[PDB]
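Enquirer: Quick one: the structure is below, questions incoming.
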Amino acid sequence: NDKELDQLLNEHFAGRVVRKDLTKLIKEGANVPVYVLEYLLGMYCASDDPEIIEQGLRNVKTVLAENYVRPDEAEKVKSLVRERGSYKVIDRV
Amino acid sequence: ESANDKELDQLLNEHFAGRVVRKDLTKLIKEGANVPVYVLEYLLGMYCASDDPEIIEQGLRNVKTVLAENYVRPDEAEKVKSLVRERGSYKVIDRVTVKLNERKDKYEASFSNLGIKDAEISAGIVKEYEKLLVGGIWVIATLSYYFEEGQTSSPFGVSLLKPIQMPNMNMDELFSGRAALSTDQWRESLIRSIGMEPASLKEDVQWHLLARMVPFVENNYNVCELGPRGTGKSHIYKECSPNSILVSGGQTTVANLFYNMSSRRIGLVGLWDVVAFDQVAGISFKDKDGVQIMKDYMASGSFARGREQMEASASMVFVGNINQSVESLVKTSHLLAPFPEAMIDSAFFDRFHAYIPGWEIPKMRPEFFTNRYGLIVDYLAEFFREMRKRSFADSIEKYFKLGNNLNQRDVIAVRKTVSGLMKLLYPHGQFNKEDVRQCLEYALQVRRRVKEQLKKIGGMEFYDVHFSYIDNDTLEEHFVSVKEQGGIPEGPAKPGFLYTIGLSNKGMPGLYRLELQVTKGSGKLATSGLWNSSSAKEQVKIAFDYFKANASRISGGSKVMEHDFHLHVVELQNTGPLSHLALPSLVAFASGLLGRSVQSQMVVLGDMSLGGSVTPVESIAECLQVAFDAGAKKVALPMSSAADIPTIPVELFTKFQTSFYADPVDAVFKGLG
């Protein structure tokens with residue numbers, strides 16, 4: 001029935017279920033709120049295949065690592081925007 | 001030794017060419033210089049070619065001449081400005097930061113000592129050295145002045161600029177160098193890198209020195225260290241790191257430390273990698289919520305101020321002086337009595353990921369300062385800063401599991417400390433099981449010390465202080481002791497104390513202390529410190545059942561069913577778990593329930609079955625020798641063990657008042673007198 005519950009929630013609350021335990025694997029260390037990671041894994045979950053879950057989890061880790069805007073380097077980021085014309089960053093807007 | 005020292009020197013010169021220097025000559029310059037040490041390191045790296053004494057001395061002359069000529073005294077600062085205007089250009093040494101004035105779309109450099117705040121600098125200089133944009137670096141600069149009437153920009157411009165710190169980091173080369181060296185060589189070189197003599201220090205002191213470096217590599221990694229004066233606790237945080245700040249006096253307002261709402265600016269915890277509070281005895285915050293904000297940040301790594309929650313990665317260190325003896329402090333409030341009373345709170349100390357026993361380190365003496373090659377301080381600091389970005393706390397799950405005594409906070413603390421040590425010693429990521437073994441043992445021990453102190457403060461809630469780790473291959477559970485603190489006293493103790501001797505699981509004779517606490521209850525039995533052993537719990541249950549069975553013969557009216565008993569096993573020699581504990585448990589129950597103190601300096605030997613059958617003392621001579629070593633004056637033995645008395649040495653046997661009982665009840669009677 002648990003799988004039936006997951007089916008029903010996916011049917012009626014699509015994109016709102018995140019398979020809690022997975023996010024704990026990312027509590028290894030980060031600088032991002034838990035619910036943000038929840039939403040990211042929700043978008044990148046794709047399916048229930050463990051291989052696909054692991055691959056999307058790796059993609060999420062890499063995405064968080066690549067674009068963080070750690071405050072001390074914030075000014076530097078400005079220059080990267082000014083020199084390159086455009087730059088992608090993760091931040092609270 | 002000397003050959004090893006020299007070959008290490010060529011290894012450093014080979015794999016870290018241009019990043020190593022004889023650090024002794026540095027103290028030849030330091031005294032007459034206001035410049036931070038790492039700048040001197042970089043300059044000597046630039047101005048020294050080889051080990052020719054003439055070359056070394058001439059390079060030292062050159063460096064002194066450069067510093068004397070081009071330094072800017074703060075009071076002299078205004079003078080320099082005029083010198084720029086009259087001569088058109090002027091060369092200075094100063095720490096420069098850069099910000100992008102988006103209103104003018106131009107790069108403005110700020111000279112902190114000189115007082116200039118918006119000197120125009122070209123985009124090329126900015127692009128060459130991105131470190132200018134992070135926290136500003138010490139550079140040699142060529143100021144230029146150019147004013148036209150009606151202009152709006154700052155008339156000071158910078159034409160030439162050369163950094164005087166390591167501008168870029170190549171950790172691929174660092175990994176190559178580390179892989180090219182042994183673990184012992186790497187650790188010894190790291191110890192040299194802070195200017196200390198590796199050969200003059202013990203291994204334990206080296207590991208505590210590395211524990212000092214740990215806060216530079218793990219985010220939000222708190223640590224507290226109290227010790228005798230003169231051990232150089234504050235040297236590393238104040239001089240040998242541009243990524244650390246030693247807040248003096250501990251007195252800091254929450255607006256400066258964490259967040260200033262008026263300026264909408266983050267405090268120190270967002271600017272520096274390590275914030276070290278010197279001489280914690282003076283810590284006291286004007287606003288009472290300051291301790292609350294510290295607790296929140298230390299617990300979660302982020303703090304909420306007003307309506308906004310903000311994260312910070314600063315690692316907090318608390319260094320303090322100890323004015324008493326080591327042991328005298330143990331019998332004080334606990335160990336952190338030096339800490340201010342406003343900071344004496346169980347929830348506060350529960351956040352400390354580590355205690356560093358600053359007392360064991362020998363006082364700093366000039367022969368402890370190395371004269372050999374070591375990494376440039378700036379290079380080491382950049383290494384630490386980059387290593388902050390990685391994670392290695394998952395290494396334990398490859399080989400070991402944590403014990404069941406560790407709650408989530410203890411688990412987090414031990415993972416953080418293991419990760420920090422692992423990053424310090426093995427940045428390259430290649431390591432074996434025994435290395436992780438050593439690091440995990442160290443982390444568990446240092447966390448356990450905080451656990452003991454917090455237990456001494458809080459009573460019962462933090463009882464699980466028997467931290468241990470389980471191998472994944474042999475499933476052998478290794479327990480870690482505080483060693484230092486975990487070193488027979490004198491006079492009768494209160495009922496519930498007794499000292500027993502037995503062969504551990506390794507078959508070695510060892511001493512253990514049994515602790516019984518009796519409260520009003522319903523005959524329930526609780527156990528702690530039994531190494532989670534099913535067997536030891538079984539003998540404890542056997543002893544409790546036998547005591548319940550023969551309560552009338554011993555108590556004479558005292559009711560077992562009306563009182564709850566809690567027993568605790570403390571191993572004072574780290575020999576291993578003991579299974580032979582039935583008779584000492586029975587004597588414990590008898591002493592605790594009757595309220596009678598056991599005879600002073602008596603060690604009970606032998607064991608019993610559930611029916612009360614007494615067993616002969618295994619390794620009687622060795623156990624007696626151990627009793628003599630620990631200070632036992634009286635011994636209680638089974639009658640059947642008397643057959644092994646002729647095997648006892650005469651001189652050993654003459655030292656004790658030997659008691660032979662017959663059955664466990666007679667053992668009780670002998671014990672209680």
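Identifiers in this document derive from the order of the structure tokens: chains are assigned A, B, ..., residues are numbered from 1 separately in each chain, and ligands are numbered from 1 in order of occurrence.
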Can you work out which residues from chain A touch chain B at a cut-off of 8 Å (counting only C-alpha atoms) and hand them back as a PDB file with N, CA and C atoms, in the first residue's frame?
Expert:
```pdb
ATOM      1  N   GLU A  28      25.815  15.597   4.098  1.00  0.00           N
ATOM      2  CA  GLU A  28      27.253  15.453   4.281  1.00  0.00           C
ATOM      3  C   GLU A  28      27.889  16.824   4.461  1.00  0.00           C
ATOM      4  N   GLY A  29      27.424  17.801   3.687  1.00  0.00           N
ATOM      5  CA  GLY A  29      27.871  19.169   3.839  1.00  0.00           C
ATOM      6  C   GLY A  29      27.472  20.049   2.675  1.00  0.00           C
ATOM      7  N   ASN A  31      25.892  24.540   1.806  1.00  0.00           N
ATOM      8  CA  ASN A  31      25.560  25.859   2.328  1.00  0.00           C
ATOM      9  C   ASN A  31      24.190  26.270   1.815  1.00  0.00           C
ATOM     10  N   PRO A  71      29.838  34.472   0.207  1.00  0.00           N
ATOM     11  CA  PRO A  71      29.779  35.938   0.315  1.00  0.00           C
ATOM     12  C   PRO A  71      31.105  36.666   0.165  1.00  0.00           C
ATOM     13  N   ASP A  72      32.187  36.101   0.691  1.00  0.00           N
ATOM     14  CA  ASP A  72      33.475  36.784   0.647  1.00  0.00           C
ATOM     15  C   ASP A  72      33.945  36.996  -0.787  1.00  0.00           C
ATOM     16  N   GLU A  73      33.576  36.089  -1.689  1.00  0.00           N
ATOM     17  CA  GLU A  73      33.976  36.211  -3.086  1.00  0.00           C
ATOM     18  C   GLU A  73      32.921  36.949  -3.897  1.00  0.00           C
ATOM     19  N   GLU A  75      32.061  40.081  -4.330  1.00  0.00           N
ATOM     20  CA  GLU A  75      32.601  41.151  -5.158  1.00  0.00           C
ATOM     21  C   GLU A  75      33.292  40.604  -6.397  1.00  0.00           C
ATOM     22  N   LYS A  76      34.106  39.557  -6.235  1.00  0.00           N
ATOM     23  CA  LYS A  76      34.760  38.940  -7.384  1.00  0.00           C
ATOM     24  C   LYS A  76      33.744  38.527  -8.436  1.00  0.00           C
ATOM     25  N   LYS A  78      31.022  39.898  -9.241  1.00  0.00           N
ATOM     26  CA  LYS A  78      30.671  41.071 -10.030  1.00  0.00           C
ATOM     27  C   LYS A  78      31.611  41.232 -11.215  1.00  0.00           C
ATOM     28  N   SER A  79      32.919  41.146 -10.972  1.00  0.00           N
ATOM     29  CA  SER A  79      33.870  41.295 -12.067  1.00  0.00           C
ATOM     30  C   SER A  79      33.645  40.232 -13.129  1.00  0.00           C
TER      31      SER A  79
END
```
Enquirer: Need the shell around residue 380 (chain B): protein/DNA/RNA residues with any atom at most 10 Å away, counting only C-alpha atoms. Skip same-chain ones fewer than 4 positions apart. Format as a list in words?
Expert: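 Close residues of residue 380 (chain B): residues 19, 38, 190, 193, 194, 240, 241, 374, 375, 376, 384, 385 and 386 of chain B.
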Enquirer: Save out the residues we just selected, N, CA, C and O atoms, as a PDB file, in the first residue's frame.
Expert:
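And here's selection-v7.pdb as it stands now:
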```pdb
ATOM      1  N   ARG B  19      58.556  27.357  -2.951  1.00  0.00           N
ATOM      2  CA  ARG B  19      57.559  27.429  -1.897  1.00  0.00           C
ATOM      3  C   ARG B  19      58.114  27.036  -0.539  1.00  0.00           C
ATOM      4  O   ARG B  19      57.339  26.893   0.414  1.00  0.00           O
ATOM      5  N   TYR B  38      54.072  36.240   6.668  1.00  0.00           N
ATOM      6  CA  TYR B  38      53.983  35.567   5.374  1.00  0.00           C
ATOM      7  C   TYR B  38      54.493  36.446   4.240  1.00  0.00           C
ATOM      8  O   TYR B  38      55.010  35.942   3.235  1.00  0.00           O
ATOM      9  N   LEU B 190      54.659  19.338   7.847  1.00  0.00           N
ATOM     10  CA  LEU B 190      53.605  20.230   8.318  1.00  0.00           C
ATOM     11  C   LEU B 190      53.976  20.847   9.657  1.00  0.00           C
ATOM     12  O   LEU B 190      53.763  22.045   9.877  1.00  0.00           O
ATOM     13  N   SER B 193      56.249  23.492   9.170  1.00  0.00           N
ATOM     14  CA  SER B 193      55.706  24.615   8.417  1.00  0.00           C
ATOM     15  C   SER B 193      55.183  25.715   9.328  1.00  0.00           C
ATOM     16  O   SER B 193      54.915  26.827   8.860  1.00  0.00           O
ATOM     17  N   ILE B 194      55.029  25.439  10.619  1.00  0.00           N
ATOM     18  CA  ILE B 194      54.620  26.479  11.552  1.00  0.00           C
ATOM     19  C   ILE B 194      55.830  26.917  12.362  1.00  0.00           C
ATOM     20  O   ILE B 194      55.704  27.680  13.325  1.00  0.00           O
ATOM     21  N   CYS B 240      50.825  33.300  11.920  1.00  0.00           N
ATOM     22  CA  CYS B 240      51.082  32.388  10.816  1.00  0.00           C
ATOM     23  C   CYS B 240      49.852  32.082   9.974  1.00  0.00           C
ATOM     24  O   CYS B 240      49.793  31.009   9.367  1.00  0.00           O
ATOM     25  N   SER B 241      48.870  32.983   9.917  1.00  0.00           N
ATOM     26  CA  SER B 241      47.737  32.707   9.048  1.00  0.00           C
ATOM     27  C   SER B 241      47.041  33.996   8.661  1.00  0.00           C
ATOM     28  O   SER B 241      46.543  34.705   9.546  1.00  0.00           O
ATOM     29  N   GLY B 374      60.869  24.515   5.519  1.00  0.00           N
ATOM     30  CA  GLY B 374      59.446  24.343   5.727  1.00  0.00           C
ATOM     31  C   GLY B 374      58.682  25.166   4.714  1.00  0.00           C
ATOM     32  O   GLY B 374      59.204  26.123   4.137  1.00  0.00           O
ATOM     33  N   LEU B 375      57.427  24.779   4.503  1.00  0.00           N
ATOM     34  CA  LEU B 375      56.592  25.469   3.531  1.00  0.00           C
ATOM     35  C   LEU B 375      56.381  26.922   3.933  1.00  0.00           C
ATOM     36  O   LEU B 375      56.306  27.253   5.119  1.00  0.00           O
ATOM     37  N   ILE B 376      56.302  27.795   2.927  1.00  0.00           N
ATOM     38  CA  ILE B 376      55.970  29.190   3.172  1.00  0.00           C
ATOM     39  C   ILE B 376      54.623  29.268   3.869  1.00  0.00           C
ATOM     40  O   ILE B 376      53.675  28.562   3.504  1.00  0.00           O
ATOM     41  N   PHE B 384      45.205  25.369   3.294  1.00  0.00           N
ATOM     42  CA  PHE B 384      44.090  25.171   4.216  1.00  0.00           C
ATOM     43  C   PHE B 384      42.797  25.739   3.644  1.00  0.00           C
ATOM     44  O   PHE B 384      41.739  25.092   3.700  1.00  0.00           O
ATOM     45  N   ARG B 385      42.863  26.952   3.096  1.00  0.00           N
ATOM     46  CA  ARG B 385      41.661  27.586   2.575  1.00  0.00           C
ATOM     47  C   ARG B 385      41.050  26.762   1.454  1.00  0.00           C
ATOM     48  O   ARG B 385      39.827  26.589   1.399  1.00  0.00           O
ATOM     49  N   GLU B 386      41.881  26.240   0.550  1.00  0.00           N
ATOM     50  CA  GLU B 386      41.329  25.440  -0.535  1.00  0.00           C
ATOM     51  C   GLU B 386      40.769  24.131   0.004  1.00  0.00           C
ATOM     52  O   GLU B 386      39.693  23.688  -0.415  1.00  0.00           O
TER      53      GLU B 386
END
```
Enquirer: Which neighbours of residue 48 (chain A) fall inside 12 Å, counting only C-alpha atoms, when residues of the same chain fewer than 4 positions from it are skipped, and could you give them as a PyMOL selection string?
Expert: chain A and resi 3+6-7+10+17-19+22+41-42+44+52-56
Enquirer: Please identify the helix (DSSP H, G or I) residues within region 511-548 of chain B (assignment by DSSP from backbone atoms) and present them as a ChimeraX atom specification.
Expert: /B:534-548
Enquirer: With a distance cut-off of 10 Å and only C-alpha atoms, select the neighbouring residues of residue 9 (chain B), excluding the residue or stretch itself and same-chain residues fewer than 3 positions from it, and output the selection as a list in words.
Expert: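 These residues fall inside the cut-off: residues 3, 4, 5, 6, 12, 13, 14, 20, 21, 22, 189, 372, 373 and 374 of chain B.
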Enquirer: Quick one: everything within 10 Å of residue 429 (chain B), counting only C-alpha atoms, minus sequence neighbours fewer than 6 positions away in the same chain. Send it as a PDB file with N, CA, C and O atoms, in the first residue's frame.
Expert:
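result.pdb, written as the output of this step:
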```pdb
ATOM      1  N   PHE B 175      49.348  17.819  -4.556  1.00  0.00           N
ATOM      2  CA  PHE B 175      49.019  16.400  -4.500  1.00  0.00           C
ATOM      3  C   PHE B 175      50.200  15.560  -4.964  1.00  0.00           C
ATOM      4  O   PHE B 175      50.500  14.510  -4.386  1.00  0.00           O
ATOM      5  N   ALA B 179      51.974  12.850  -2.527  1.00  0.00           N
ATOM      6  CA  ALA B 179      52.105  11.461  -2.948  1.00  0.00           C
ATOM      7  C   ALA B 179      53.565  11.041  -3.023  1.00  0.00           C
ATOM      8  O   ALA B 179      53.894   9.881  -2.748  1.00  0.00           O
ATOM      9  N   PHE B 392      35.636  14.656   3.670  1.00  0.00           N
ATOM     10  CA  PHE B 392      36.266  13.360   3.892  1.00  0.00           C
ATOM     11  C   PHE B 392      35.661  12.619   5.078  1.00  0.00           C
ATOM     12  O   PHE B 392      36.159  11.555   5.456  1.00  0.00           O
ATOM     13  N   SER B 395      34.900   8.800   5.079  1.00  0.00           N
ATOM     14  CA  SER B 395      35.949   7.789   5.022  1.00  0.00           C
ATOM     15  C   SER B 395      35.742   6.685   6.052  1.00  0.00           C
ATOM     16  O   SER B 395      36.164   5.545   5.830  1.00  0.00           O
ATOM     17  N   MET B 422      41.906  13.970   8.314  1.00  0.00           N
ATOM     18  CA  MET B 422      42.107  13.265   7.060  1.00  0.00           C
ATOM     19  C   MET B 422      42.553  14.226   5.968  1.00  0.00           C
ATOM     20  O   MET B 422      43.454  13.914   5.181  1.00  0.00           O
ATOM     21  N   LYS B 423      41.932  15.407   5.912  1.00  0.00           N
ATOM     22  CA  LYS B 423      42.347  16.425   4.956  1.00  0.00           C
ATOM     23  C   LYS B 423      43.754  16.920   5.242  1.00  0.00           C
ATOM     24  O   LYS B 423      44.543  17.111   4.311  1.00  0.00           O
TER      25      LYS B 423
END
```
Enquirer: According to DSSP computed on the backbone, where in region 166-228 of chain B is there strand (DSSP E or B)? Give the residues as a PyMOL selection string.
Expert: chain B and resi 196+223-227
Enquirer: Measuring between only C-alpha atoms, which one of A:88, A:12, A:24, A:82 shows the shortest distance to residue 37 (chain A)?
Expert: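 Comparing A:88, A:12, A:24, A:82 against residue 37 (chain A), the winner is A:24.
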Enquirer: Skipping near chain neighbours, those fewer than 3 positions away, what residues fall within 7 Å of region 483-500 of chain B using only C-alpha atoms, listed as a PyMOL selection string?
Expert: chain B and resi 511-517+572+584+588+591-592+595-601+603-605+630-632
Enquirer: Write a file of the just-selected residues containing N, CA and C atoms, as a CSV table (one decimal), in the first residue's frame.
Expert:
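Resulting contents of part.csv:
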```csv
chain,number,residue,atom,x,y,z
B,511,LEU,N,42.8,-3.7,36.1
B,511,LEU,CA,42.0,-3.2,37.2
B,511,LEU,C,40.8,-2.5,36.7
B,512,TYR,N,39.7,-2.6,37.4
B,512,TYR,CA,38.4,-2.0,37.0
B,512,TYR,C,37.8,-1.4,38.3
B,513,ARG,N,37.0,-0.3,38.2
B,513,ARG,CA,36.3,0.3,39.3
B,513,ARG,C,34.8,0.0,39.0
B,514,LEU,N,34.1,-0.5,40.0
B,514,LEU,CA,32.7,-0.7,40.0
B,514,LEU,C,32.0,0.5,40.8
B,515,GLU,N,30.9,1.0,40.2
B,515,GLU,CA,30.2,2.1,40.8
B,515,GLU,C,28.7,1.7,40.9
B,516,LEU,N,28.2,1.8,42.1
B,516,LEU,CA,26.8,1.5,42.3
B,516,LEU,C,26.1,2.7,42.8
B,517,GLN,N,25.0,3.1,42.2
B,517,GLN,CA,24.1,4.2,42.8
B,517,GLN,C,22.7,3.5,43.0
B,572,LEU,N,40.3,1.4,34.3
B,572,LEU,CA,41.4,2.3,34.6
B,572,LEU,C,42.7,1.9,34.1
B,584,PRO,N,32.1,-9.2,42.3
B,584,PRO,CA,32.2,-7.7,42.5
B,584,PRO,C,30.9,-7.0,42.4
B,588,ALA,N,29.1,-5.0,45.4
B,588,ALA,CA,28.6,-3.7,45.1
B,588,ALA,C,27.2,-3.5,45.6
B,591,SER,N,27.1,-3.4,49.4
B,591,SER,CA,27.6,-2.1,50.0
B,591,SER,C,26.6,-1.0,49.8
B,592,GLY,N,26.1,-0.9,48.5
B,592,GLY,CA,25.1,0.2,48.2
B,592,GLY,C,23.8,0.1,49.0
B,595,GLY,N,24.4,0.6,52.7
B,595,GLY,CA,25.0,1.9,53.1
B,595,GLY,C,26.3,1.8,53.8
B,596,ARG,N,27.0,0.7,53.7
B,596,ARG,CA,28.3,0.5,54.3
B,596,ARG,C,29.4,0.7,53.3
B,597,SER,N,30.4,1.5,53.7
B,597,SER,CA,31.5,1.7,52.9
B,597,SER,C,32.4,0.4,52.9
B,598,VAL,N,33.0,0.0,51.8
B,598,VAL,CA,33.8,-1.2,51.8
B,598,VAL,C,35.1,-0.8,52.5
B,599,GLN,N,35.9,-1.8,52.9
B,599,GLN,CA,37.2,-1.6,53.6
B,599,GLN,C,38.1,-0.9,52.6
B,600,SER,N,38.9,0.0,53.1
B,600,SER,CA,39.8,0.8,52.2
B,600,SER,C,40.9,-0.1,51.7
B,601,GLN,N,41.3,0.1,50.4
B,601,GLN,CA,42.4,-0.6,49.8
B,601,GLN,C,42.2,-2.1,49.8
B,603,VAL,N,40.9,-5.3,47.3
B,603,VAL,CA,40.5,-5.7,46.0
B,603,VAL,C,39.9,-7.1,46.1
B,604,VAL,N,38.7,-7.3,45.6
B,604,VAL,CA,38.0,-8.6,45.7
B,604,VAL,C,38.3,-9.3,44.4
B,605,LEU,N,38.7,-10.6,44.6
B,605,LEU,CA,39.1,-11.5,43.4
B,605,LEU,C,38.1,-12.6,43.3
B,630,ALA,N,48.9,-0.9,41.9
B,630,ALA,CA,47.9,0.2,42.0
B,630,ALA,C,47.7,0.7,43.5
B,631,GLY,N,48.3,0.1,44.4
B,631,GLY,CA,48.3,0.5,45.8
B,631,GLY,C,47.3,-0.2,46.7
B,632,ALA,N,47.0,-1.5,46.4
B,632,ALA,CA,46.2,-2.3,47.3
B,632,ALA,C,46.9,-2.7,48.5
```
Enquirer: Considering only C-alpha atoms, return as a PDB file with C-alpha atoms, in the first residue's frame whatever protein or nucleic-acid residues lie within 9 Å of region 549-557 of chain B, sequence-local ones (same chain, fewer than 6 positions apart) excluded.
Expert:
```pdb
ATOM      1  CA  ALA B 590      25.576  -5.269  49.281  1.00  0.00           C
ATOM      2  CA  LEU B 593      21.970  -1.236  49.758  1.00  0.00           C
ATOM      3  CA  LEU B 594      23.310  -1.522  53.318  1.00  0.00           C
ATOM      4  CA  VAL B 665      27.850 -14.312  51.312  1.00  0.00           C
ATOM      5  CA  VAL B 668      30.277  -9.972  51.326  1.00  0.00           C
ATOM      6  CA  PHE B 669      30.949 -10.263  55.053  1.00  0.00           C
TER       7      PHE B 669
END
```
Enquirer: Hey, can you check how far CA of residue 471 (chain B) sits from CA of residue 530 (chain B)?
Expert: 18.5 Å
Enquirer: Mind giving me the straight-line distance from CA of residue 200 (chain B) to CA of residue 370 (chain B) in Å, one decimal?
Expert: 8.9 Å
Enquirer: With distances taken over only C-alpha atoms, which of B:87, B:121, B:453, B:116 is nearest to residue 330 (chain B)?
Expert: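 Of the candidates, the smallest distance to residue 330 (chain B) is held by B:453.
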